[PDB]
Structure formats: structure tokens, C-alpha cells
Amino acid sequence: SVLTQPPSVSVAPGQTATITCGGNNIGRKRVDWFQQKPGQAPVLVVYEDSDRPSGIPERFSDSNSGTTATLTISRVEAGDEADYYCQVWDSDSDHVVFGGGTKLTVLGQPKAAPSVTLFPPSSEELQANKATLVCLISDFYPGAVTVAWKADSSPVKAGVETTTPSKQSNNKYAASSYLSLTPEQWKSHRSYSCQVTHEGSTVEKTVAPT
């Protein structure tokens, strides 16, 4: 089985947040939810039908409602900010398939938009039989972005490396993306573009050889 989860869900304090886990999951099929705070092992929050195990607040509830899995947290507080995963048991192979993951952001500061600065390969780097494109993303909130590189409108997924978003000094989030290309490939194409998508909106930066 494959379980699909939204990459990020934003909720203001005091409201109710709902995380979705999709797939052919029948009526109950257990459906277990886990909580992973940064730099910490996952912890189980709800199992079976609701059933908060140890100290998980009653605000947490697990409702299936068809071929989807739903986790509901009411009166969201600061402590609820973590990554939540959905887990089922595919009885066709007895394999414990996990979900993609959802970054639940409790909005504490106004939502921002990403700032993109793309740098073409330097003259010295091209002299060393190397070529790298540096795409820098900063001052975006919540800390969840998607980066897609393009070369003459053709999507490129070879040699793309991207840091996970990290909290900056201004409590916003930053990330960087790199495109490793040969010197011949860099000047073969007419232009190279770095596309960053955040909260639906997309910001594109394009550079060309000289």
C-alpha cells in the first residue's frame, strides 16, 4: 500500500487542524499515527479507535471516514508542532507501510514568501572542469518549500541536491539547492531556471551563460 500525506499543514493557535492520509485503507485497518519532533524518535499519539495511550491530550482523535485516514487536533498549542505520520498494516504482505509525513506548523509569526537568488557557475569553477548552480531560498514561512530545476523549459532531476528548511536568525526558514553539471552541459543550453514553490505561489529565477 501507499499512504499519501500533505507535506505541510498550517493552523493558528486555538483552531482545529486535520491531517489527511489517503489510500485503499478500508473501514478501520487499525491506522496508527506517530509524532516526530525535530531531533527525536517518533512517538505514538493515537491507535485503533482514538485511544490516547499515556499523556496525549484528549484533543487528539483518529477518524477514518471511508478510504481515507484523518487525524484531528483541537485547540492546537505550540507543543503540537511536529511531523505526523500515518501507519497501516497491509495484510496482503504483512508489511508496516508508513506515510509520507506532514509538517504541522502552528503559526506564530505572519506567513512569508520565499526569496530566491540564483548564481551562475563562476569563472574559476569552470576552469576546474566543474559547473555548479547555487539557488538560495530565505525568509519563507512556514518552513516547507518545493524546488524544481528547469533547463530550457525541460525539467531536470539529475544532480539536484537540496537542504531541508532550517530556522534562521529571524525565526523564518531557509534552504539551498544545487545543480551539478558538466562545463559542456552548462553552456550547451541557452538558459537555466530555478523554481521554488511555497504555499501554492511559485517564484522563478533564471540565469544564462554570460
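Residue positions are given as counts along the sequence shown, with the first one as 1.
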Entry-level comparison of average CA B-factors, 91-99 and 111-119, reporting the higher stretch
91-99
Highest mean C-alpha temperature factor of the two stretches 144-152 and 43-51, which is it?
43-51
Name the one of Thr70, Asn170, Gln35, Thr162 with the greatest CA B-factor according to the PDB entry.
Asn170
How does the C-alpha B factor of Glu77 compare with the rest of the chain: lowest, middle or highest third?
highest
If you rank the chain by CA B-factor, which third does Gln15 end up in: lowest, middle or highest?
middle
Sorting by Cα B-factor within the chain, modelled residues only, which third would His198 end up in: lowest, middle or highest?
lowest
Entry-reported Cα temperature factor of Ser176, expressed as the chain third it lands in:
lowest
Place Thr206 in the lowest, middle or highest third of its chain's C-alpha B-factors, as listed in the PDB entry.
middle
